[PDB]
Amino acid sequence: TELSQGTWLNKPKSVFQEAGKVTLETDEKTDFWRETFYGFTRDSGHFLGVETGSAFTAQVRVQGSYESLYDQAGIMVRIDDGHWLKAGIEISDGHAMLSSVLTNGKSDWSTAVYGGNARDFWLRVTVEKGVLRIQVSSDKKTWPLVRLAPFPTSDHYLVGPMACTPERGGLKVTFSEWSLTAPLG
């Protein structure tokens, strides 16, 4: 199922398509977070979701121009506003961080300094039998694990590009090299 068959949640004011690619500029005050610690909920982030069956593997290339605190881009898997995962690069603390947030009612955020090129990376996500696995790659050859966690079973998921700027907008990101299939095995 091709990238252009996705549906937007919070379509950005500025976005254009090329064959197999989506290029967007984020709007201000866009974020995804539920409750934990900060005591607010946000469901305003940009998400282009492609609908899946009950299990899938998805992969995408992410080329963002990060420049400010909290700038984020990557991939999201979503069931609804209370059950989702986002993963990718985020600017937090001192550096470009590889970050993931698994939300099941409430958000669970993990982060670490990213050792690759923040401006060009791939993500691969697999959901099957109530387990989500996230892998990242700097070369499309080797795919280290980022996260392995329970995730609710569902007849369908939405999966696809995500990007957020919780403060000032203007983050430019291109998504390409999309693939969505059943998991191996």
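Don't overthink the numbering: it's just position in the shown sequence, from 1.
Looking at mean Cα B-factors across 81-89 and 108-116, the upper value is held by 108-116.
Remark: stretch with higher mean C-alpha B factor among 7-15 and 167-175 is 167-175. Reading the B-factor column for the CA atoms of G160, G64, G45, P150 in the entry, the top value corresponds to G64. By the numbers in the PDB entry, the CA B factor is greatest at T142 among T142, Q59, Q135, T52. Per-chain ranking of the deposited C-alpha B factor places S68 in the highest third.
Split the chain's modelled residues into thirds by C-alpha temperature factor. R34 is in the middle one. Sorting the modelled residues of the chain by their CA temperature factor places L98 in the middle third.
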